[PDB]
Amino acid sequence: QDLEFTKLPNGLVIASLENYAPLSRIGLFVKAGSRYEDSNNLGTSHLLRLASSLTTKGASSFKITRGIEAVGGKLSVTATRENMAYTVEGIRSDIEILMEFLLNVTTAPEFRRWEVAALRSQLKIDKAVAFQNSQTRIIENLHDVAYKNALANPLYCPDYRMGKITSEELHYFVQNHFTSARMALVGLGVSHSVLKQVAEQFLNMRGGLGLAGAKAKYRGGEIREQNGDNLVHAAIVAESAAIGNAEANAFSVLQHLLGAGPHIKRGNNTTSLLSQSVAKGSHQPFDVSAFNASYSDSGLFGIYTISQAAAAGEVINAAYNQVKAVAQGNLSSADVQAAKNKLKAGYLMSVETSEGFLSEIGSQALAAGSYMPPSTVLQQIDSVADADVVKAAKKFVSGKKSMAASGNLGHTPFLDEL
Amino acid sequence: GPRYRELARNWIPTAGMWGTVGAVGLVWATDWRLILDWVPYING
Amino acid sequence: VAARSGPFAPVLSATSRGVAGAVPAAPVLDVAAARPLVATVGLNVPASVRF
Amino acid sequence: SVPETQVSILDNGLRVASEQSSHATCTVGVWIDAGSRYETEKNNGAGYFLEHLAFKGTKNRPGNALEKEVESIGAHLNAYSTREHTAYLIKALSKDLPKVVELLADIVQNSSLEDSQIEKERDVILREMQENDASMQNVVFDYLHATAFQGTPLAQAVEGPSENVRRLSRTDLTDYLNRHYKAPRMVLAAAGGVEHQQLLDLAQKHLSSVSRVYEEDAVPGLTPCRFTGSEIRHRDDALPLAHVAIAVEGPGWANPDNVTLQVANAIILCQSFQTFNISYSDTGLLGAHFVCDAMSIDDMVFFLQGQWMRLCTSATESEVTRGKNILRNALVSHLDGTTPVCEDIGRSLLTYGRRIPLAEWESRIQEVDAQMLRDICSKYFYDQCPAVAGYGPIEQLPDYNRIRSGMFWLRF
Amino acid sequence: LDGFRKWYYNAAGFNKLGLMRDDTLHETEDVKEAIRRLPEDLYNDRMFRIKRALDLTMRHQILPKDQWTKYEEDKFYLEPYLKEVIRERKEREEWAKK
């Protein structure tokens, strides 16, 4: 059948699709990302993300682990700067107790102090594993230098805050952001009725709208961290459109025009106006792409470069110059059509998997409360037109930039030189 | 418990064997001729 | 830095004495692209970042 | 209610299989029964270097023409090579189904190996091999394959020795291409929003005339390998962590107790500790890959060994039920996504000769109980000589007598 | 029964060393898990009370009668934390049994 939606009077969104899949998935989406913290409770969302298997009021930890592993189901937590999503999946004959476990975890945690004291070492280990690659550190640095208050908060807990996050901070964060008006329960392979009926046992406790988050403010700035990696990972971004604004799409078409990354393995070359503009001048190994991250109040669009330290300068300059050409109208309609085809194929392959489909429905729910059929999107992306793309470009080419650099930065330029 | 019982089964033959080995060894070393007088060749 | 800094001097002058609270004893883990990071952690599924 | 995988066969011999689903992002993919097992130590990197070069240049699409086309519809182009199979797959939209198939046709035949391109790749491959050593678990699994299949074509690696990589001739490659790219050893697999009749038409037009006749009847043939229990201990104490893999001989693709062995893996200290059932044809390696600090490898080995014996001697129904549930969630399906379903078909037509449906997998899972699990585990784990591969600070890793002897419980 | 329990509390004699009832529990595995889950201030008071009782037993003295632990006042602090340890312990045991 099709997707089916009810908005409950306490604000909770219920979305269901019964496709008679052998494995069914059920996720719950909360507007409780890392942007809702301030300087007093930094890293609380990271410990909340890692605290999904802790003794809940309804279920002891042993059960919340042995019962999910007994049926072979999976419980995972995915977190962005805006949204958290707790997802369970398993055989249709066990999703009743899977919803019991998931809704107990979402609605009634206990946050015992010895459990979080044991979890803080896992928090440190998870942060080290996450920052084992340079991209993660350079994107966290880029957000920290790009924004002032809201979206500048890191996804991972700072080093000083380990050992300082308490049970009361987790309880305050849950009581202020895990309310029914900020939650959508989305189920693929289940009946809508049960979701409605599992939305009453729980998700009825907190009916508020939660403690809304401050508006994110852009700051600009360039940060460089000599780390030794032969490769100077450099991200240069500027402020862009919010998710909803039409301009948004234009920026997605602009990143797929300026390269969206590789499309071929071990042979991903000349796949980008950027890649072409770098490769016509530099014979060193490189990786240049376009970065776009848009959140419900603000967006970042820019370029991302990995290169040998020595060439790091002009490669960045070459990439920047290519965007300036797009800001001068130097583009062809066939290139924009190919960018639109790449963007729509990427969207369809993102929603072709079950967990990606459940995430998409989830995001749409929290964002606009409505489901937008894949088809609808296709015609809206088509709405974006050439001039629109050019426009977004000039926004980037003019707006104050924010630069995060890492590596041997002896030949990496600055923003006033860039 | 139910599970523990299953474990027992798997070890029952094993225990029997070891017990059997014990029995055999005991008789052999002890030189007990009562039981041994009941074996075809060694008897004597 | 005698007349220029004064009180701020000791901040710009290492002074290892060479010859002639104290420091309190001041990790190895198991083992590109562009897109907003999205951290993931699972009950049993190992964590991951799909940037 | 899962749609069946329909298989047809073309005169050439290539099997143009397919599958269909509401999805609209199909993954078309050519699988070839050609890997490092079919190489004869004089062309040990031919499949890898053809994989690196196949995408870069085809006769009809000169230079980087193909990679442009693939960009024009926004499709994704991937390829991989194992010791037994090679795959070239494209993720695209449904409406771009014909041209994608035509693109795949060029990639398998009419491909052009530019001697220049050959050279550029040589650099890429050599350098990576020169940096591949960085990935320890890859080093440990290559060491395990080498010491377990000593003297056979299964010891070598997909990459091959540096020498073979340096020395490669358009002609050598041409041979591997003309020898191991036969039409009866090829499957055209499609998953997602594809029609089987349209794919069968496209198959003939673009993928017909695929070679099928070998040269001077140099029809390849294969060797049943030997599992030589042995160890390899690459000691390098400067590394922070140690990677240790211990395996025994696996049954193969066609032996059904694999399913039972998978349940045993689903039943199973030192950081990462993953169990594995590498299963090549006519042999495989059941086992474990545990990383660990130098001071705990010893204990880990014991723990691992302990677990195995427990599975040979004291398996209960509850852990068997848990392992069956864990296995039944590794079922690959449309919800797993096209590429995964795509891949299965190709591997199922290459290995089993047919696509095993998920209902048959569920039947073979539910027939597994605790008694046959401990019987099959005693058949494959108990009192067997393992292959051991260690890399890192592995001095406290026990030698071969302690490992082998630990494989038998004096109490049974 | 209440008065006879007070008389037995006086006859037990750990109140004369200033100890609580939960200080006198034998540290098994469950008791050590319950002690580890205590907050820092309660743990520090428990360790000081145990050290003072050991010092008084060393000198073969007791506290003055105004400093003894009144039966009514004794607080069973470890008890709440202990029950949980036992509950969790049993749950785990049952799971294995089954």
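Residues numbered from 1 in each chain as written, not as in the entry; some residues may be left out. Chains lettered and ligands numbered in written order. Part of a larger assembly, values for the part shown. Heavy atoms only, no water.

Header annotation of the entry names cryo-EM as the structure determination method and lists the resolution as 3.4 Å.

Peer 1: Any chance you could explain the overall build of chain C here in plain terms?
Peer 2: Helix and strand counts for chain C come out as zero helices and two strands. Taking 51 residues into account, the globule formula puts the C-alpha radius of gyration at 10 Å, and chain C, at 24 Å, lies well above it. Projected onto the principal axes, the alpha-carbon positions of chain C cover approximately 60 × 30 × 20 Å. Out of the 51 residues belonging to chain C, those deemed buried represent 24%. About 4100 Å² of surface is accessible on chain C, with carbon and sulfur atoms providing 62% of the total. (Helix = DSSP H or I, 4+ residues; strand = E, 2+ residues; numbered from the N terminus. Rg over C-alpha atoms; globule rule 2.2 N^0.38 Å. Buried < 20%, exposed > 50% of the residue type's maximum accessible area, 1.4 Å probe, protein only. Areas by Shrake-Rupley, 256 points an atom, 1.4 Å probe, with all protein chains shown as cover.)

Peer 1: How should I be thinking about the packing of helix 2 (residues 29-36) of chain E against helix 4 (residues 78-97) of chain E in this particular structure?
Peer 2: A packed helix pair is summarised by two numbers, namely the angle formed by the two axes and the spacing between the axes. Residue and element names in this part refer to chain E. Contact geometry for helix 2 and helix 4: axes closest at 8 Å, N-to-C directions at 125°. If you check the angle between helix 2 and helix 4, you find them oblique. The element helix 2 and its partner helix 4 pack so that their crossing is right-handed. Along the contact surface, helix 2 presents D30, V31, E33, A34 and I35, while helix 4 presents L78, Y81, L82, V85, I86 and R89. Among the residues making up the contact of helix 2 with helix 4, the classes are represented as eight nonpolar, no polar and three charged. (Axes fitted to C-alpha atoms, helices over the stretch in contact; angles between N-to-C directions. Parallel < 35°, antiparallel > 145°, perpendicular 65-115°, else oblique. Left-handed = near helix turned anticlockwise from the far one by under 90°. Contact = heavy atoms within 4.5 Å. Nonpolar A, V, L, I, M, F, W, Y, C, P; charged D, E, K, R; others polar.)

Peer 1: Can you walk me through the interface of chain D and chain A in this structure?
Peer 2: Of the residues lining the interface, 36 residues belong to chain D; the matching set on chain A comes to 30 residues. Carbon and sulfur atoms supply 54% of the area that chain D and chain A bury against each other, a total of about 2700 Å² over both sides. Ranking the residues of chain D by area buried against chain A places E71, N329 and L335 of chain D at the top, with a combined share of 25%. Across the chain D-chain A interface, the total number found is three salt bridges. Among the salt bridges present, the one from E352 of chain A reaches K91 of chain D, with a minimum N-O distance of 3.1 Å. At the level of secondary structure, the elements contributing two or more residues to the side of chain D that touches chain A comprise helix 1 (46-54), helix 2 (65-72), strand 3 (76-81), helix 11 (317-327) and helix 12 (338-351) of chain D. With five residues, the top contributor of residues to the side of chain D that touches chain A is strand 3 of chain D. (Buried area = accessible area lost by both parts, 1.4 Å probe. Salt bridge = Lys/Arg side-chain N within 4 Å of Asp/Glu carboxyl O.)

Peer 1: How should the sheet that holds strand 6 (residues 231-235) of chain D be read in this particular structure?
Peer 2: Backbone hydrogen bonds are what pair the strands of a sheet, in a parallel or an antiparallel way. Residues and elements named next belong to chain D. The five strands are arranged 6-10-7-9-8 in an open sheet whose pairing can be described as mixed. Of all the strands in the sheet, just strand 6 and strand 8 (273-280) have a single pairing partner and so form its edges. Between one strand axis and the next, the sheet turns through 15° on average, direction left out of account. By the bridge criterion, eight bridges tie strand 8 to strand 9 (residues 283-292) in an arrangement that is antiparallel. Along strand 9, the bridge assignment pairs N277 with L286. (Pairing = 2+ DSSP bridges.)

Peer 1: Whenever I open this one, the packing of aromatic side chains confuses me. Can you help?
Peer 2: The description of an aromatic ring pair rests on the distance of the ring centres and on the angle between the ring planes. All names here are of chain A. Applying the stated criterion across every chain, the model contains 23 aromatic pairs over all chains. Geometrically, the ring pair formed by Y147 and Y218 is edge-to-face, given 6.2 Å between the ring centres and 85° between the ring planes. Here the residue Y147 occupies a position in the loop between helix 5 (134-146) and helix 6 (167-177), and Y218 occupies one in the loop between helix 7 (192-201) and strand 7 (221-225), the gap between them amounting to 71 residues. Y218 carries the same exposure label as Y147, and that label is buried. Taken together through their ring pairs, the aromatic side chains of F251, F301, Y320 and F396 make up a single cluster. (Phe/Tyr/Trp six-rings, centres within 6.5 Å; stacked < 30°, edge-to-face > 60°.)

Peer 1: Would you explain the arrangement of the chains in this entry?
Peer 2: Between all seven pairs of chains that are in contact, chains A and D come out with the most contacts. The two units chain B and chain C are non-contacting; their minimal C-alpha-C-alpha distance is 25 Å.

Peer 1: Any chance you could explain a positive patch on the surface here in plain terms?
Peer 2: Together, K148, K217, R219 and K400 of chain A make up a positively charged patch on the protein surface. Within the secondary structure, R219 of chain A is located in the loop between helix 7 and strand 7. (Patch = residues over 30% accessible without salt bridge, like charges linked within 9 Å, V, L, I, M, F, W, Y side chains within 5 Å. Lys, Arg positive; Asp, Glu negative; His and termini not counted. Charge placed at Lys NZ, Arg CZ, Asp CG, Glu CD.)

Peer 1: Would you explain the pairing of strand 6 (residues 183-188) of chain A in this entry?
Peer 2: Looking down a regular strand, the side chains alternate between one sheet face and the other. Residue and element names in this part refer to chain A. Of all the six residues making up strand 6, six are buried; the element is thus mostly covered by neighbouring parts of the structure. In strand 6, alternate side chains face the same way, and those of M183, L185 and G187 on one face and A184, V186 and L188 on the other are all buried. As paired elements, strand 2 (residues 13-17) and strand 6 share five bridges and run parallel to each other. Its bridge partner lying in strand 6, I14 is registered against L185. Taken together, the six bridges between strand 3 (residues 23-30) and strand 6 define a ladder with antiparallel strand orientation. Each residue of the ladder has a partner; that of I26, found in strand 6, is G187.

Peer 1: Sorry, what's going on with the sheet that holds strand 9 (residues 286-294) of chain A here?
Peer 2: Residues and elements named next belong to chain A. An order of 7-11-8-10-9 is seen for the five strands of this open sheet, with the pairing classed as mixed. The open sheet terminates on both sides in strands that have one partner only, identified here as strand 7 and strand 9. The mean angle between the axes of side-by-side strands here comes to 10°, regardless of whether they run parallel or antiparallel. Set on the sheet, helix 8 (residues 246-257) makes contact with strand 8 (233-240), strand 9 and strand 10 (299-307); between it and strand 9 the angle comes to about 170°.

Peer 1: I would appreciate a short explanation of the state of the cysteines in the present structure.
Peer 2: Throughout this description, disulfide means a covalent bond between two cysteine sulfur atoms. Residues and elements named next belong to chain D. In total, this model carries one disulfide over all chains according to the counting rule given. Covalently, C270 is tied to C292 through a disulfide, its sulfur atoms 2.0 Å apart. One end of the pair, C270, is in the loop between helix 9 (257-267) and strand 8; the other, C292, is in strand 9, and 22 residues separate them in sequence. The thiol of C26 is unpaired, and the distance to the nearest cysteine sulfur, on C342, comes to 8.8 Å. (Disulfide = S-S within 2.5 Å.)

Peer 1: Whenever I open this one, the nonpolar core confuses me. Can you help?
Peer 2: Within soluble globular proteins, side chains that are nonpolar tend to cluster in buried spots. Residues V253, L254, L257, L258, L274 and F291 of chain A are the most contacted members of the largest nonpolar core, which totals 89 residues. Contact partners of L258 of chain A, with chain neighbours within four places excluded, come to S272, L273, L274, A290, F301, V323 and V326 of chain A. Listed in part, the 55 residues of the second largest apolar core include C26, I125, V158 and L199 of chain D. (Core = buried A, V, L, I, M, F, W, Y, C linked by side-chain atoms within 4.5 Å.)

Peer 1: What should I look at first to understand the side chain of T86 of chain D in this one?
Peer 2: Residue and element names in this part refer to chain D. Looking at where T86 falls in the secondary structure, it is placed in strand 4 (residues 86-91). Under the relative-accessibility criterion, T86 is labelled buried at 3%. In this structure the side chain of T86 is engaged in a polar contact, spanning 2.4 Å, whose partner is the backbone oxygen of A34. In contact with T86, other than residues within four places in its own chain, are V30, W31, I32, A34, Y80, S81 and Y181. (Polar contact = N/O pair within 3.5 Å; in protein donor to acceptor, adjacent residues only side chain to side chain.)

Peer 1: Where do I start with the environment of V219 of chain D in this structure?
Peer 2: All names here are of chain D. Of note, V219 is situated in the loop between helix 8 (196-207) and strand 6. You can call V219 exposed: its relative accessible area is 53%. In this structure, the C-alpha to C-alpha distance between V219 and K42, residues 177 residues apart in sequence, is 17 Å. Leave out the neighbours within four places in its chain, and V219 touches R179 and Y214.

Peer 1: Please clarify how the pattern of salt bridges should be interpreted in this entry.
Peer 2: For side chains of opposite charge, pairing can occur when their charged atoms come near one another. Within this structure, the stated rule accounts for 52 salt bridges over all chains. The salt bridge involving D297 of chain A is made with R35 of chain A; its shortest N-O contact spans 2.4 Å. Placement of the pair is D297 of chain A in the loop between strand 9 and strand 10 and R35 of chain A in the loop between strand 3 and helix 1 (44-50), with a sequence separation of 262 residues. Taken individually, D297 of chain A and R35 of chain A each receive the classification buried, so the pair is uniform in this respect. When the shortest N-O distance is used, the salt bridge between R404 of chain D and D383 of chain D registers 2.5 Å. Of this pair, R404 of chain D sits in helix 15 (residues 400-406) while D383 of chain D is found in the loop between helix 14 (370-380) and strand 10 (387-392), placing the two residues 21 residues apart along the sequence.

Peer 1: Help me understand unusual backbone geometry in this model?
Peer 2: With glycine set apart, most residues show a phi of negative sign, and most peptide bonds adopt trans. Residues and elements named next belong to chain D. One non-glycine residue, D217, lies in positive phi territory at about 50°. Along the chain, the position of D217 falls in the loop between helix 8 and strand 6. With a relative accessible area of 66%, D217 lands in the exposed category. With phi around 50°, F412 is a residue other than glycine that occupies positive phi space. Looking at the secondary structure, you find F412 in the segment after helix 15.

Peer 1: Help me understand the packing of helix 8 of chain A against helix 14 (residues 386-398) of chain A, please; the structure alone is not making it clear to me.
Peer 2: Residue and element names in this part refer to chain A. Taken N-terminus to C-terminus, the directions of helix 8 and helix 14 make an angle of 90°; their axes are 8 Å apart at the nearest point. Judged by the inter-axis angle, helix 8 sits roughly perpendicular to helix 14. Contact residues: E247, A250, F251, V253, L254 and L257 in helix 8; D388, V389, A392, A393 and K395 in helix 14. Taken together, the residues of the contact of helix 8 with helix 14 break down into eight nonpolar, no polar and three charged.

Peer 1: How should the side chain of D23 of chain E be read in this particular structure?
Peer 2: Residues and elements named next belong to chain E. By the element assignment, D23 lies in the loop between helix 1 (2-12) and helix 2. By relative accessible area, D23 is classed as buried at 7%. Reaching out from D23, the side chain makes a polar contact with the side chain of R49 at a distance of 2.8 Å. Filtering out sequence-adjacent residues up to four positions away, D23 remains in contact with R46, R49, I50 and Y77.

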